Amino acid sequence: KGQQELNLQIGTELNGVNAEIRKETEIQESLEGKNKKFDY
Amino acid sequence: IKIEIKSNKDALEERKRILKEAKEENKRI
């Protein structure tokens, strides 16, 4: 019982971490485009 | 059950590290 509940919690944490991950990727690419504009 | 729990935990850790590294890189940019 506990094993499965813990796995479900780990899945929810996975979901949150992925959300944060591609959010950070978006921020990265935004700053990167800004970097290229500043280089230009 | 057990092994899937451990695998999910581990992968979650590595993706958290990826998140933290992306945060470092965004800050540095």
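Residues numbered from 1 in each chain as written, not as in the entry; some residues may be left out. Chains lettered and ligands numbered in written order. Part of a larger assembly, values for the part shown. Heavy atoms only, no water.

As summarised from the PDB record, the model derives from cryo-EM at a stated resolution of 3.6 Å.

## A closer look at the nonpolar core
Operational definition: Residues enter a nonpolar core if they are buried and are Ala, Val, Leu, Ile, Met, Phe, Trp, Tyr or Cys, with the set joined through side-chain atoms within 4.5 Å. Between buried and exposed lies partly exposed: a residue is buried under 20% and exposed over 50% of the maximum accessible area for its type, with that area taken using a 1.4 Å probe on protein chains only. Numbering goes from the N terminus for both helices and strands, where a helix is a DSSP run of H or I of at least four residues and a strand is a run of E of at least two. Here, residues are in contact when the closest pair of their heavy atoms is within 4.5 Å.
Core analysis: the largest hydrophobic core is formed by 6 residues, namely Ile10(A), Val17(A), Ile21(A), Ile5(B), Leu12(B) and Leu19(B). Of all the elements in the fold, those that place two or more residues in this core are α1 (2-39) of chain A together with α1 (2-28) of chain B. Not counting residues up to four positions away in its chain, the partners in contact with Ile21(A) are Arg15(B) and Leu19(B).

## Topic: α1(A)
Operational definition: Between the first and last residue of a helix there are one fewer steps than residues, each counted as 1.5 Å, and that sum is the expected span.
Between its first and last C-alpha, α1(A) extends 54 Å over 38 residues, near the 56 Å set by a 1.5 Å rise per residue. Considered for burial, the residues of α1(A) that qualify are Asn7(A), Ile10(A), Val17(A), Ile21(A) and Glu24(A). Of the surrounding elements, those touching the buried residues of α1(A) are α1 of chain B.

## Comments concerning the interface of chain A and chain B
We apply this condition: Note on definitions: buried area is the accessible-area loss of two parts on being combined, 1.4 Å probe, summed for both. The salt bridge definition used is simple: a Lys or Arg side-chain nitrogen within 4 Å of an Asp or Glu carboxyl oxygen. Polar contact criterion, stated in full: a pair of N or O atoms within 3.5 Å, where within protein one must be able to donate a hydrogen and the other to accept it, and residues adjacent in sequence count only if both atoms are side-chain atoms.
In this assembly, 17 residues from chain A lie in contact with 15 residues from chain B. Both faces considered, chain A and chain B share a buried interface measuring about 1,600 Å² in area, 66% of it formed by carbon and sulfur atoms. The interface formed by chain A and chain B contains 2 salt bridges. Counting the contacts that link chain A with chain B gives 3 residue pairs in polar contact.

## Overview of α1(B)
The first and last C-alpha atoms of α1(B) sit 39 Å apart over 27 residues, in line with the 39 Å expected at 1.5 Å per residue. Within α1(B), the full set of buried residues consists of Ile5(B), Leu12(B), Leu19(B), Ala22(B) and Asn26(B). Residues of α1(B) that are buried in the fold lie against α1 of chain A.

## Side note on the pattern of salt bridges
Per the counting criterion, the structure on display carries 7 salt bridges over all chains. When the shortest N-O distance is used, the salt bridge between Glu24(A) and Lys23(A) registers 3.3 Å. Close ionic contact of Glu13(B) with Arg17(B) constitutes a salt bridge, the shortest N to O distance being 3.9 Å. Taken together, the residues span about one helical turn, with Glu13(B) and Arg17(B) both in helix α1 at a distance of 4 residues. When its relative accessible area of 40% is taken as the criterion, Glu13(B) is described as partly exposed. Note on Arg17(B): relative accessible area 41%, which makes it partly exposed.

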